[PDB]
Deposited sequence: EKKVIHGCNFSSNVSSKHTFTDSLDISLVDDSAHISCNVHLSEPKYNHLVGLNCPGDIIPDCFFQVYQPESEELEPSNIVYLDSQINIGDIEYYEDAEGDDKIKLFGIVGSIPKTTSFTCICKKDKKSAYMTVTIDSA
C-alpha cells in the first residue's frame, strides 16, 4: 500500500512508499516550497502522511493548519467519525500517517509543515 503524501527525507525507505517526494535539503533558508496532494474518489481507503527528517509542525495529523498559522484538529476539519492515526520512526525520520475510509461530507484542504534547519517544506492536502 502507498501513502498519499510527501517524502521529504533523503533515506531510501522500504517500509514506506509515498506518492510524492521533495528533498527538503534543496530550498532556501527561511523560505518554503509546497508539495501538494489532491485526492478525489467516491469512498476512500487511503493512507495519508509524510516522512519528515526534521521537525513536524504542528502535531500531524491530529493537528493540521488552515505561512499558515491556524492550528486545527483533523477530526473537526474533515468532520468524519473514524480516523485512524499512525506513526513510524527511522532514525531521525519521522513518519506520521492517518487512514481514511469512506465518504467525506465537504471538500476540505489542510497543510502540514516539515521543517529542517531554516528550510521548511509544506504539504497541503485536498480531499473532495
Comparing the deposited sequence against the modelled residues, what ranges come up empty for C-alpha? 1 to 2, 69 to 74, 137 to 138
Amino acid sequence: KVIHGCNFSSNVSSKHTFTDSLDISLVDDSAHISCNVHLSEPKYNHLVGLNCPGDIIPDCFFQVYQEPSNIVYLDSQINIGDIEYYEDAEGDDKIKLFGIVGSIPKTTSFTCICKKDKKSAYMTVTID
From here on, numbers count along this sequence of modelled residues.
Stretch with higher mean Cα temperature factor, 88 to 96 vs 73 to 81, is 73 to 81
Would you determine, from the values in the PDB entry, which of 25 to 33 and 49 to 57 has the greater average C-alpha temperature factor? 25 to 33
Could you tell me which third, lowest, middle or highest, the C-alpha B-factor of residue 19 occupies within its chain? lowest
Modelled-residue ranking by C-alpha temperature factor, third containing residue 3: lowest
What third of its chain's C-alpha B-factors does residue 119 belong to: lowest, middle or highest? middle
